[PDB]
Structure formats: structure tokens, C-alpha cells
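Pasting a structure below so you can have a look.
Chain lettering (A, B, C, D, E, F, G, H and I) follows the sequence in which the chains are written, and residue indices restart at 1 in each chain.
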Amino acid sequence: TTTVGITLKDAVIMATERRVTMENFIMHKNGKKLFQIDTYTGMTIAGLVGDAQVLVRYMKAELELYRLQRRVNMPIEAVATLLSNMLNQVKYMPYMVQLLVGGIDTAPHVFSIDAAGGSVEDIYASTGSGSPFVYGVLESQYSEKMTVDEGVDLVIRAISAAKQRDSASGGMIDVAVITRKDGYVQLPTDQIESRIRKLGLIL
Amino acid sequence: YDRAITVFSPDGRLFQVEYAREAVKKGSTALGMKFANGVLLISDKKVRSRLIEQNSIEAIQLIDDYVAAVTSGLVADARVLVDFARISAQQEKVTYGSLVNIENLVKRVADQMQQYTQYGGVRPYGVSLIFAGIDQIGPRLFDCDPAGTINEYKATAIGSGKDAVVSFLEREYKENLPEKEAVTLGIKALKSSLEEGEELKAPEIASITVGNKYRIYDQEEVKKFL
Amino acid sequence: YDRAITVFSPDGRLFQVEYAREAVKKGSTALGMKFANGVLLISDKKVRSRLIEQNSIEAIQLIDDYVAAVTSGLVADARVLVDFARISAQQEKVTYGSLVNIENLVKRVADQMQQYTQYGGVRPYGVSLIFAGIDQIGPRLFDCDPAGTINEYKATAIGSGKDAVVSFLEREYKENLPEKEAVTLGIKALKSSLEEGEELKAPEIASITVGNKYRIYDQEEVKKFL
Amino acid sequence: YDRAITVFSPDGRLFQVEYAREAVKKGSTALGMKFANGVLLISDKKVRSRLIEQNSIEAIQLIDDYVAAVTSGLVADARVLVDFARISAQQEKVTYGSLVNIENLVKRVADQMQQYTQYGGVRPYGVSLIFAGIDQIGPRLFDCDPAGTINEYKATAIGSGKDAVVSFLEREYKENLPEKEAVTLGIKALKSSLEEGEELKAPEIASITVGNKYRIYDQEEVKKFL
Amino acid sequence: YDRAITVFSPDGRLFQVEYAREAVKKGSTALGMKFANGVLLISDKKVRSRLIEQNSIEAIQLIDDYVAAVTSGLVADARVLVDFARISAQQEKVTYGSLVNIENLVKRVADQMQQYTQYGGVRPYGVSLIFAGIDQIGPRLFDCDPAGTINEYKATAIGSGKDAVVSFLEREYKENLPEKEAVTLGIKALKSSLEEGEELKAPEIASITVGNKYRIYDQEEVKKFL
Amino acid sequence: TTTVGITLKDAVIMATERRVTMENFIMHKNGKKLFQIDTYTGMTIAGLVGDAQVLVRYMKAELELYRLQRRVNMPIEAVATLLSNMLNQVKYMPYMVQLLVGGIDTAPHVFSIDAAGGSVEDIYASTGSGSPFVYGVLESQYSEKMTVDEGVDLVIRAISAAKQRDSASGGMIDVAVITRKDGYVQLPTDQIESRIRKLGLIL
Amino acid sequence: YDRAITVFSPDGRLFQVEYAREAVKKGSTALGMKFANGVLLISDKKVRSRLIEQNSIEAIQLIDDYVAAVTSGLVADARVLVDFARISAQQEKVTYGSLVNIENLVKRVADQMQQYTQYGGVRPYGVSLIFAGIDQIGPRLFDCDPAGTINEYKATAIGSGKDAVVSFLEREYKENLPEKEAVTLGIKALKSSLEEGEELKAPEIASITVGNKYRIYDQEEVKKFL
Amino acid sequence: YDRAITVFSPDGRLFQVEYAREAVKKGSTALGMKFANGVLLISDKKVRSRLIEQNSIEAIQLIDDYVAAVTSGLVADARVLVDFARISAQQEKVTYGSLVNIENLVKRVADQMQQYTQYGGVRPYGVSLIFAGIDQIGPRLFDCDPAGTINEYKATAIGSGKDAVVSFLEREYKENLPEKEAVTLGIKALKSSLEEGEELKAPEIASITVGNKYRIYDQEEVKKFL
Amino acid sequence: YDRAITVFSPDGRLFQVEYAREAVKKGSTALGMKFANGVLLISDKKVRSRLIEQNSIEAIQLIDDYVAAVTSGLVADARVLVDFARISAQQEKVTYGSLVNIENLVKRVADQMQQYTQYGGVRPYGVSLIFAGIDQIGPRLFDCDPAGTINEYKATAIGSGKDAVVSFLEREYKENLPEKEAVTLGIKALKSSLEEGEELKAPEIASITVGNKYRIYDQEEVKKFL
């Protein structure tokens, strides 16, 4: 698998691929690894499928209960700290999952949480089997002065390189840009096909 | 007489659960009604002093993005029971993936109230609530009772103006109704009862229409219907 | 006198369980009867106000696709006990694969009621129920008592019109009876008692015939027999 | 006086366990006797209404294929205690492979009744039972008491006609007796007491002879001895 | 006065444990005495009706092959306490390999009775017992009290004829005595008290001589000494 | 073993084979791996027999208790989420089973749940030892524009190829088409023999 | 009457929780108010004897570097409850990384007080507190009640001078106010009430402005505003 | 009044623990004193009947080979508490290797008595004890009280002759004293009190001198000092 | 009135905790004061009889080498609470490595007393203590109250001579004082109160100066200041 999360000026862009295996044997050509976890933050999935979906359900639960009780969205450091505490309270029966939460509260953030519950900020992060390819292209092409369109084009080029060079990665890329003004919006698949045909990554 | 912990009467009464119902008769009035494609909840909010932070005290409280609740009675028991309802809705979100019935949610809270109606060593919950929201079935409007009794309404009341408001609703309620005329009818109901202190105030009022999430009015919008 | 938690009398009475029986005498009437190849349950439903969501309040509640229950007494205790009966039927489905005896199901619920008849620190269940359905043995019709007493009937009643209905059934019941004449006899029973407020209403009524699943009537069909 | 939970008297009485004994005096009469190579149990069964499912209510209940029980007193306490006796017999079948003593079985049930005679926070079991059956020792006939007192008889009674039946048995019992004359003597005993409402009915009656399993009569056979 | 659960008096009395002692004064009389190389236990057994299975009811009960017990008081509490004594003797057989002291065995049972003398929420054991048997030390004869008080005797009594028998033993007991004259002296003791209903009956009586196991007499042997 | 579940226009078709082994040693030539789990959804079985039957009993129990309490059928995402939560609450003493639930609530669904509790939708899914053969024929011949008859013929051809190419798969195929109009209906064995003799898959 | 453990009244009152409120009316007065960019807390401190270590007794106690509390009522219950509030704030620091809402913190403490309002076997917390501090939302000022009732204020009081101080605040409070004029208004409030013993003393007073940490005044600074 | 479970008085009294002290005033007298290099314990033993096994009843009981105890009060509570003291001394032998302080041993037993002085649902231990023996520190003589109060003496008493004996000891005790004159002084103390029934008897008496183990006298030796 | 377990009053009083305070008014007087670089504790010790082992009874007891305590009230509750304080100081030595605050130590003990003030089924601790010693902060002198109330002093008293001693300290205390004049002032305080029985005795008195460990005087040194 491969996930990516990129923080730029006033937005944070996250995308996954959609392929689930679950065996060697790629079984589901259209999965769901990118989840809207609250009204201004999302979570990606790059581990064991069942454990990861249970983590997504618990985090949707606790963040919605949060927003209902306190009537304000949870900060990104707070949700990643909560997620770290959950993953580290049970580490000798652990969740084999690599998480990556990202969102915006007063500044765009993306955090990366491993299976033992170590949360650490970075300006761009990635989890999954096809992670080093997207770290290569992000290291070579990333700029903090990008716009949202240049950022989502960089994200699509990244996941495309990971799909070209990795077996467990594949399928149609779903990308969701979360900004403060428009909220969590996920790009439709026709727009992503248009960006792929514009960038010349279709064959 | 041991008529001061929950045991039976010389004729068929639970005196403590009665006494809790007269505790919720001493509360602040609130009501709710269905309209054409949703349901509203209006609480009276009678902000007594000027030092109370008017909008930040809220008696219409959200249980989910797809169930809300307004309460009446002892306000501490109210807050604890509403928090139980919130975490129960979250349990059903974790277990089943969505809140497909709001009746299940009122039934679990009402079982919680029946327990403290049933057991000794503890008093009943002296609080009454109405739940409102849409589910897969559609718009639902419930009521809750210190015994844990639930009833489903098209429109109901709770509080000090229970009976006066329920009389006005019993006369003047129309089943399918646009949202604007619905909140107008609800305010007329709240008026006729609470205009015995010859004042109402700006009340607090929320609404859903089926498909959308939750919308609680602001201070400016309710005074147009006032 | 400590005649207010479940202990014995100066002569052989459990005063609290009595007091629960007069609590179930204060309820809404309901009855049931076997017919030629099944059993029916008719509740009176007296929808008092027009704001009550007439059909959505149900007092004939299903425990399984092959056991139903109509209840009388305190309605909160009723709902909690009916939910216990539901999960007990599901336990027997998990353990044995099917619900082979409905008598086992009424006996477990009645043991649940005997416990709170037996122990202190808690009141009895102030509720009475009748269970109906077919099993491997055939059509069965039970009754349940605030002590946990069960009795099997060909026809029985419960509620405010216990005695009047049971007198009419004691005179005019015929054992093997087609379903139509059975629900007609049941409505005549419900009439003779409840026509003291000089009204009946449309009642709610369900039936099974051995082999088929559950059928609860709709609003239109019951008025033909009314 | 705290003469309402099980504690001692000003002179040597447990008032609650007394009050349970007058609760079992208010029950339905039943008796049993040994004969030449076995033991019988006859309950009166007074099927009051015609709506009761005459044969399906049974007060002679089987604990095993080699111990039976007929009960008197509070019928809910009766059913719960008989189910305890059943699972205790099954425990002894799992542990030792067979039910070698029926006295062990009555002693465990009676210890169960002594506990709720001993502890506070709970009333005694207001129920009395007689156990009958053969073991390795032979035919045995026991009795049980709300305190947990057991006594072994050649013939005993229980219920409303305790004293009248025990007087007839005290006069007219013969120790070694063929089964037919034994059930005739038992019915004469049940008659002399219960023929004060100037009716008896068909009673229910079971028997064992040592070596065979359990035989409960049918409706037709008991009327020949009636 | 809360003089009805085990707490202290205005002057130094436990009223409930008193009330248990007058409960054991209402029992059946029994006694025991040492002789030259052992100890006996004689119970009165007053088989009242002819329907009681005379020999099968036993009040001299064995705790081991090397400790026996005869009891007086509430017979249900008696049976439960004797079973506790039996399993405690078996615990000492498992742990230490043999029952080296019978005083340890009476002390554990008496600690069991002291607990229910000490705690609230429960009444004392209304029962008194005497233990008899040989150990490594030799013949021992104990007594037990509803408080848990133990005393060691050469001869003692218990029951309705406590005081009359203890007066006869206080006058006419000889310490070293052959077994025949010992059981004769014991029967004379039982006579002088119980011959106020102008009858005694055949009593039940057991004996040990140091070295041998347990011997309970049969029906024929006791009438020679009667 | 082999199971299959195919979603088409207004119906979802599921079928298993019927052969239980339980040893190497095929022991039962007529098993039961396809279960009606509620009035509009079913479940297939491709794991350990005992654990799978206990899962079927629990899901029949909870869905019937559901329909009784709430008087509406449980959604397919809800039953698969419940099944995932059950399989993932105990994963270090796990159920060695591969599940596949399918049904219709407002749209036909089929979900695939592994032994760790990872549920994911697909338009066609399959579990079992003979799974890759039916994935081959479904990848080559499946169309979303099929009718119910063409779908059940595709299903029978699939399980027939898996029986021809796999040892643990065999026995008579039982197929049950669940649609909204007619409810859960299971095809009789004479009709399935007729479809086999029509398609030319008998020898 | 069992009006001595927390159960309901003949009309809708919890007598014990009332009696706790008159226990907190017997306490020492304290108050607080928001100003333009923060909130203050002033306690009266009436150092009675000269042997009390004046500054080391503190009734304004810190719950965090970003929530403080001043208390009134039973001082032991006060200290225990304030320590609960401290460890709860630390729990939220461990779990979420920061104390994002102070309303969550007052709600958990108030749930703690509602429990001992709800259950028997224990009295309510006879203590009242006001919480003050800034969070992400901004300056907040709460109150707490022996039932667990919370209300949010711009200014409030507690103690013996509840009503007199609240009357002065009800007249003379201005919402946006520089810190100096705010503590002057607070001292005038504390004066008008407590100048009935014709003395005030130096009070204790703390403040926050949004962005900074906590500042409790020293002895010299408060006398400039005195 | 709830002056019947251990709670406080209208002025500073624990009525139940008082009532336990008058229970230990009703006991048998016993005393003890230090001498030049050890300590003695003399109990009165008033062997009332001749059937009591004179020497085998012992009220001076050993807790170790290096701590002994004589008790007074309720004899069942006495035996249970002495067994607790024995197993506590054995716990200290397991943990530390030796019983280095006897004050630790009396303090643990007294904490055991304070608990049942403190909690409800149970009465206090109505028993008083004195502990005597040498440790590393030297000869110690303690006392114990139904509240758990301990005091250390050079000589003390307990029982019915508390006050008379303590008056004689208050006059005529000499601190350093040879063992013979010490037991003579102790017997004179026991005499002056108990010679009101104009008899004493042979008492029981034990002694230690520092360095040696325990020596309890025999029947012949005490009569030389008598 | 249930004014005999810890629940609230008709006006704001905990009657049981009051009753505990009049229990500690019935105790032996003790006091303490800070001096220039430390703190002292003087207990009256009124050795009543000559048989009490004068020096070995100690009411100034050490909690650590750097905290001491003298107690007043019920002496058994005193000893149990002082042992709790000792093991709590040892817990803080294990956890943090040193006893950095003595206020933490008095607060944990006072929380222990608040619990038994709070819960039913148990009475309060009828005991009062003062704690003294140096920590990192410096010399501290606390007090403890049957409710768990703590207050910090420069000098305080406890016991029968609470009020008389506190009046003398209220007049004649000087803050910075050399140790000799401090113990002289303390003895004058103890004198003026306790010289109503026209005797004082040698009291017991301990002191610390900051930096050193604990020094309890001997018998000879205190009589120089007497």
C-alpha cells in the first residue's frame, strides 16, 4: 500500500491508493484507505485492514463525541496524541498499523503515528509499502511555496510512481484536500483522471 | 413508611417515582414537534440574571449529528443522563457503523432510568427528556419519564408548562406543516403557557429536515419568529 | 412494618407482591385465546390523545418470529422484561439451534421475576404478561404474574378488565374455532368489559396459525371485525 | 420489630420461617406413601376454571428418572426450588455416575432452604415438598420444610389438608401394601380432607416399583380408582 | 431496639445469642458421658408418630470414624453445622494425614458459630452440640453453645432436659466406670428427666472404647438396658 | 472450498460448493456453507467449520434480535461492521474463517471479511481454496450489465471451474439469488442440474 | 423520615442536597468576575487568630497553570474535591496533550458530585466552588453546586455573602473592564457584604489575562486596592 | 437510637464499646505482674461443677514460647482473638525470623479490635486480654480493651475483680521482687477480691524469667502458695 | 433521626462529626509551637497510677526522623491513624526518595479522615492530631480535625485544655524565640490550664531545630524547665 500527506501554505493534501491485499493475491481493486475523521481532519490507512478500520471507527467516535460535548473541533496534536495513547496502551497485543492523521485547526498539520504510538509532525509524511518511492519524488520535487493545485499534482505524481514501482500499491488514487475555507473536500474521480491525463501518467 | 425508597404502595403506586415526576414538574418548560420533513425542539430559556452567559448555557443538547435532546427537571441528573445518551450513541456507531434507530437510543437511556426505579439503595432519576431526530425510518419524536416510560409523539411538552402547552398542542396542531409555520406554532404554544409572568424571552430552538445535519438557531433568527 | 420489602406476613402473604398485583390491575386490558390451529393476542389500545403516534406504540411485541407477548402493568418494567425475554429466546437459538419449547421461555422470564420477589434491596416486577405462539408441541398460551407464577390457558386476560373479560370467556369460549370467529369472540370479550367508558376503539391484534410466521393486523382489517 | 427478617424471638422462634409455614398451609394439598415395593405421590389437582389446560399444569414433577417431587406452597418458589433439585441431581450424575442416595438430594435442597432461613437481606423459601423414589437403599419418602427440616416417612402429607390427611394416615396406614390398594388408600385420604367443598376431582398420581422407571398415570386410569 | 441483630445490651448481654440459647432449650434432650476407656452418647429419640421411619432418622451422627456428634436445637441448623464438621474433619485428614486432636475439630466449628454471633446481616446458629471420641490424647467429651463457647466434660447434657439431667449427673456420676454400668447410668439420667410425659421410649446410643472404631447400637440391644 | 458472491443490477447472487474436509480426506459430500442470515441478506462460509458455524449462529441471533427490536432489516454495511467487530475483538485467539456477507437494503451489496475483521465492498468477491479460479473466470467474463439468469450461469461456470481445478472444492453447487422483489430465494437442485446440463458442465 | 439519605420529597425536593446547600451558605464568602481579557477570583480571607499562618492557608487553589479554583463550604470536602479536579486536569493533559476546555473539567467534577447526590450509603459533597481560567475558547467563569449543577457567569459569588454580593454585582457590573477597575469593583462587592462585622481584612485575589500564566497577588499589592 | 451500632453519642461516647466494657466486667477475674526478672499471669479459675475437666480448661493460653495471654470477657470472642494472636506471632516468625517485640504483637491484635470498633454491620469484640512475656527489650506486661486501647503495666487486672484487685495492687506492689513473693502477692490480690463468695479455689498461674521458656504450674505447686 | 450516621442536618451540620469533636474534647491536653529555627510538641502526660510504665507510654510519636505527631481523643483511633501516617511517609520515601513536604503527609491522613466523615456504614475518626517538623520549606506546624480539616499554625493546642491553652497562646506568644524560652512558654501554657487539679506532672516534650534529627527529652531534663 501507499499513503501520502502533504502540508502546504493554508491546506493539507492527503491521498491513498485503493488496493487491498489481505493475501498475496490482490483481492479488492477498490478499497477505502482515506477516511474523514472529523470536519477538518482526515486519516489514512497503511496497515492491517481490520485493526485499521477499528481504529478509524474509534477515532470517528471519539472525535464526534468531542465535537458534540465541547462544540469545537479537536486539535491535530490532540487527536494524534489520543491515537498514540490508544496504540500504546496495548502494544503487547498491538495493532499492526501505520497511521497518518492530517488536518487544519489554526495551521495545517500532518502527523505520522507508528504501531507503537509514536506521533511526530513533519511537513510531508507517507506510510505504506510504496512509501519510499513517494518519499523520493517528494524529496526531489516538494516545495513549501506550492499552491493547492501544484500540491495535488505532486501527490498524484507521487502515488503514480509508487504504483509503477510497487506491487502492493495500485488502483485508482483518491485524493482529498482539506483546507480551512472549504473544509474537507474529496476530489471526484473524473477530476483525478483529468489530472492524470494532463500530467501524462496514463497508459 | 419505606415509602421513601422505591417499593410498592398500599394500592399500586411507586411513591418515589411519583415524587420524581413532581420534581420534573418544577422544572423549566420545553417542547417539540414534527413538521413536514423534520422535527423541532424549542426550550424556553429564561435567562434570569444578566450575569448568566446567555447563549453558553444550552438545554437543547446534541447526542449525535443525527439525534438531539432537550431536558427538564433536576439539571445535574439531566447532564449526567445526556452524557450517558451521548456515549451510548457512540457505542452504536462503533458497533453497527451508524445510528439506524433513534428508538433504540431512547430505549437504552430509558432502561438506565428503569434500573434506578427498580433497585433500592438509590433514588430514581428525577429528570424528563424528549429526543428528536431523523433515522432510517424518518423523523421521530420521543419522550422520557422518571420511571423510564417512553412514548412517541408528533408533538409533546415537558416542564412547568406541561399541561398548558399540551392543551394548546391538543387543539391547534397540524400534522404536515412547513418549518416556518411550525416554529411559529411552537412559539405560540410556549407563549400561552409562559406568558403568566407576562414575558417570554428569546427562546432557544433547533431543527432538522431529513437529509441535513443539525442546525441550532442564533440569537437574531429566533426574534424574527418571536 | 417491613411490610414494604418482600418478607412474609403475620399469616402467609407477600405484601409487596400483592401490591404489585394491584399495580397490574391498574393497567390497560389485554387478552388472548387459542383457536383451531393457532392462537391470537388482542390488546386494547386506547389511543387517548391525537398527538400519540397511534400505530407506532405497540403493546403486542414480538419475542421471536415464533413467540409473541402482550403486557400489562407498569410499562417501563414491561419493556425491560420483554427485552429480557427477547435476549433469552436468542440465547436458546444460539445454544440449541431452535426455540423448541415456549414453556422454557416463559419459565426463564418467570424465574427472573421470582428473584426480585425473593430478594430484598429491590421491589418485585410490577408487570404481568401473556405469551403466545406455536412450538414443536403446538399452540401454547401462558400467563405471568408479579410473583413469577405461570399458568397455561386456552384463553386468558390481563389488566383493568381482568375479571369482566375472564367471566365472559368462562361462559362463552369454544375450544376449536376458526380464526375469524375467534377474533370476533375476542373483540366481544374486550367490548363487554371496556364498554363502560361507552367506547372501545380499534384494538390491536395479532395471530399465528401453526406452520406460518407472525402476522400483526393493520388498521383497516381490525375495523371489519369491530 | 425486626420480626420481619430472619432473626430470633424473645423466646426461641424464627418468626419469618413460621410465617413461611403458614404460607405453605395456604397451599394445595398433596400426599404420598410407600407401598410393598415402591412409593406413590398423589397431588390433589383442583382445576378451577375450564380455561386451564388441565393436564399440562403438573405439580408432580420429575427430578430424575429415579426421583420425583410434588410441592405445596408458593408456586413460583416451588418451581425455582424444583429446578434447583433437578440440576443438583444432574450434578451428582456427572460427578459420581449415578444417583446412589436420594437422601443426599433432599439434603442439598434443604441446605439451600436453610441458607435463606439463616441470612438477612432475603426471605425464606415459602414452599414445602415431598420427595419420593428408589435408590440403592430402596424406596424412600421424604418431606421438606421452610426451615430446611427433613423427615423421612412411610406416608406423609402437605398443604391445606395437612392435618386431616395425616390423621387419616395415622389411623389407617398399613406398611406393606399392593399398589392398587395403596392408591385406593391414598385417594380415601385425599377425599376425607378435600370433601369439604363436596367435590374432589380427578387427582394426579404417580408411582414407581423398585427396578422400573417412572410412571405418571393418565386421565382415564385415575378415575377407575376415584 | 436493634436488640434483634447481634449487638450489645445496656449492660453486657448479646440478646440474639441468648434467644438462640432459649431456642436450643426448646429442643430434644441428649447427653453423653465418658467411661473407663471410652465415651458414650445417648440421645433421646422420641418417635412421635408411627409413620416416621424410626431408625432412619438419626440424631447421633458420625463426623469421622473417630469423632461422633449428637445435636439439639433447630434441626436444620444442626444438619448444616454437622456437615461443616464432617468436611472440616476431612480437611484435617487431607492436610495432616490424621485427626490427631478432636479439640481442634470442635474449635473450628465453634469459630464458625462465633462468626455468625459476631457479624450483622445474619442470625446466630440456634443449635448446640456435644462431640465425643478418642484422639491421640484419649477420650474427650465437648459441648458447644450458640455463641461458640466450648467446654470439656466428663459428662454433660443438652436439650429440654438440660438442667434435670445435669442435676442427676452432678449427684450420681462415677469417673471410671465399665461400659455397661455407664450406659445404665446414662439411661437413668435420661429417664428421671424425660419421665414427665410418663414414657421414655427406646433411645439411641453409641459408644467407643479407645482403639476400636464406632459402634451405634441396634434396636434390640438398647431395650436390654432400658 | 470455494464460495462466490456477485452483485448485479437489482440482485446479488451467492453460491458455495458443498464439500467438507475437516481432514485431508474429503469427509462430507454434502455440506452447508451458504446460510440465510436475515430476510434480505446471506452469508457464505470458507474457513474452519466449527468456528464458522458459531459465527453463523451468532449472526442469525443478532440480526433476528435486531429485526424484532427495531422492526427493520439491518443494513449490509452494518452487519459486516458488526461481524468485523466480532472477529477483531478476539484476534489472538482468533476465528480461522474467511467470511463473505451479501444482501440488499436499498442497493445490492456484497462484503468480504477476513479472519482479522477487515470488511471491504467489492462488486464480486470470493473466498476459499478454489477462489483464484473463480476470480479468473469472473475477471474474464463478468459484466455489470448482466441479468439474474446470466449472473447465475456465470456463478455456476465459476464454481464448476473451481471444482475442476481444485481438490478441496467439489460436490453439488447450491446457489441462492437474493433480490429485493422476491427476497432470499435458493434455487432448487433440479434447476441447478438443468443449468449445468444446459451450459455443458456435466461429465 | 428517610429524609436523611438522598431520596425524593413529598413534592420534588432532595432534602439532603438542600441541607448541603445550607451547609455551603454557612461558609466563607468568595467571588469572581471576568474582565476585558481575563478573569479574577477574590476570596475573603478572614484570618481570625494571630496564630494562623496567614498567607500559607490558601483558599484560591490552582488546578493547573491554566485553571484555578476558590471554594466555599465544608473545607475538608473542599480539599478532597479540589484534589480530584487537579488529577482530572492531569488526566486530560496525559490523554489529549492539553486542557482544551475548562468546561470539560468543571463537568467531570460536577459528575463526581452528582454521583454522591444520586447514591445512598453516602451524603452529598457539602461544598461549592467557582472555576476560572482561559482555554482555547477564552476566559470562562463557572460555578458548582452541591447537586453538581454548573452555571457559567460573567461574575458570581459563593459563601455567606452569596446574596448581598450577587445583588451588588447584579447592579454594578460592567462587562469589558480593565483589570485594575475590575479588582476594585470586586473589592467593593466583598466590602458591602462583609462590612457587617465592620472590618474586611486584606483579601486574597488572583488573576489571569489571556496568554499569560497564573498570578496570585502578594500581601502588599492587595492593600493598595483595599 | 442507632445507639446500637458503633457510632458517636450526643457528647463523645461509643455506646457499643462501652456496652462491651460492661460485658468484660461480667467475666472471670485474672491479673498479672512483673517481678525482678520476669512476669507472671494468674487467672482465677473457679471450677464450678465437678463434671468440668478442671485442668483441661485453660484461660492462660500461650501465643508463643515467648508470649502468653490470659483473657476475660466473652469466652468465644476470647478464643477467636487468641487464635488471631497466635497466627500473627507466627507471621512475624516467618517474616522476621523471631518475635523481637511483644508490643508489635499486642498492637496488631488491638488494631483488629479497633476495626470492629470502627465499622458498622458488626459489633465490637467484647473481650479484654493481658499479654505477658519477655522480648529483646525485656519483660513486658500489656492490657487490651474492647476499643483496642493498650496500656503497659508493671501489674494490672481484668474481670469482675478489676477494681478491688487494682486497689490492692495500687497500695501493695513492689517493683523488684523475687518470684515466690511475687506469686504470693498476686494470690493475696486475687484473694481479697474473690473472697466475697468466701472461697477462692486453686488458681492457675504461669511465669517466665528472662532467658527461659514458659512454665505453667501444676495443681500441686499452686496450693503451696495458696 | 438518622442523625447517628454521617448525613446532613436540618440546617448545615454533620452531627456525627460534631460528636467526634466532643469526643476529642474529652481527651488529654497537648500543644505545640514553633520557635526561632524549629518546632516543639509538648503533651501533658498525667501518669495516673504508679503501675503504669511511665516513660514507655508515649503520646508524642514519630512518623519519620523528620515528622513527629502528638495526638488527642480516642487513643485506639489515635494509634491506628498514626500508623497510617507512618506507612504513608514510608510510601513517599519509596516513591520520591524523600519527604519533601510535610503538608502532603498531613493532607493524606486528613483525606483518610474525610472518607470516614463522608461514607455511611462507619463512624468518623474520633481523634485529633498536630503534626510538626521541618521539610524543604522549613518548620511547619499543622492540626487535624475529626472532619479532616487541617490548619497551619505557629502554635496550637488540642485536648481538654484546648480553649484555655489557646487563650494563653493568643495573648503571650512571640514568633521568633530561642528554644529554652519556647519550652518555658509552652510549659506555662500547659500549667495555666491543667493547674485546675492543682498539679501538673512532668510532661513529655520533643523538639527539632532545622538541620538536625529528632530529640525527645528524658525525664530529668523536663523537670529543669518544670
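Heads up, the rule we're going with is that a residue touches a chain if its C-beta (ideal position, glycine included) is under 8 Å from a C-beta of that chain, and two chains touch if they have at least 3 such contacts.
Colleague: Please identify which chain has its centre, taken as the mean of its CA atoms, farthest from the centre of chain F.
Modeller: The most distant chain relative to chain F turns out to be H.
Colleague: If you tally contacting C-beta pairs, which comes out ahead, C-F or B-F? Let me know.
Modeller: Between the chain pairs B-F and C-F, B-F carries more contacts.
Colleague: For B-F, find its twin among A-B, C-F or A-G: the pair where over half of the contact pairs carry the same residue numbers.
Modeller: Of the listed options, the interface copy of B-F is A-G.
Colleague: Distance between chain B and chain I based on Cα centroids, please, to the nearest Å.
Modeller: Roughly 55 Å, centre to centre.
Colleague: Just the number, please: Cα centre separation of chain E and chain G in whole Å.
Modeller: 69
Colleague: Could you state the distance in Å from the CA-based centre of chain A to that of chain D?
Modeller: Averaging C-alpha atoms per chain gives centres 74 Å apart.
Colleague: Per the centroid of Cα atoms for each chain, what is the distance between chain D and chain E, given in Å?
Modeller: Computed value for the inter-centroid distance: 31 Å.
Colleague: Return the residues of chain I touching two or more other chains; collapse runs of consecutive numbers into ranges.
Modeller: In chain I, the residues touching two or more other chains are 2, 120-121.
Colleague: Which positions in chain A touch two or more other chains at once?
Modeller: Those would be 57, 69.
Colleague: State which pairs of chains touch, listing all of them.
Modeller: According to the stated criterion, the contacting chain pairs are A-B, A-F, A-G, B-C, B-F, B-G, C-D, C-F, D-E, E-H, G-I, H-I.
Colleague: Note which residues of chain I are touching chain G in the complex, please.
Modeller: Listed in rising order, the residues of chain I that touch chain G are 1-3, 6-14, 107, 110-111, 113-114, 117-121, 145, 147-156, 166, 169-170, 173.
Colleague: Give every residue of chain F touching chain B within the complex, in rising order.
Modeller: Contacts found on chain F: 69-70, 72, 74-75, 77-78, 81-82, 85.
Colleague: Quick one: which bits of chain E touch chain D in the complex? Just the residue numbers, please.
Modeller: Residue positions touching the partner: 2, 4-5, 16, 19-20, 22-26, 49-53, 56-57, 74-77, 79-80, 83, 116, 120-124, 126.
Colleague: Of all residues in chain A, which touch chain B in the complex?
Modeller: My answer: residues 57-58, 60-62, 64-65, 68-69.
Colleague: Could you please specify the touching residues of chain C with respect to chain F in the complex?
Modeller: So the residues of chain C in touch with chain F come to 62-65, 83, 86-87, 90, 93-94, 97.
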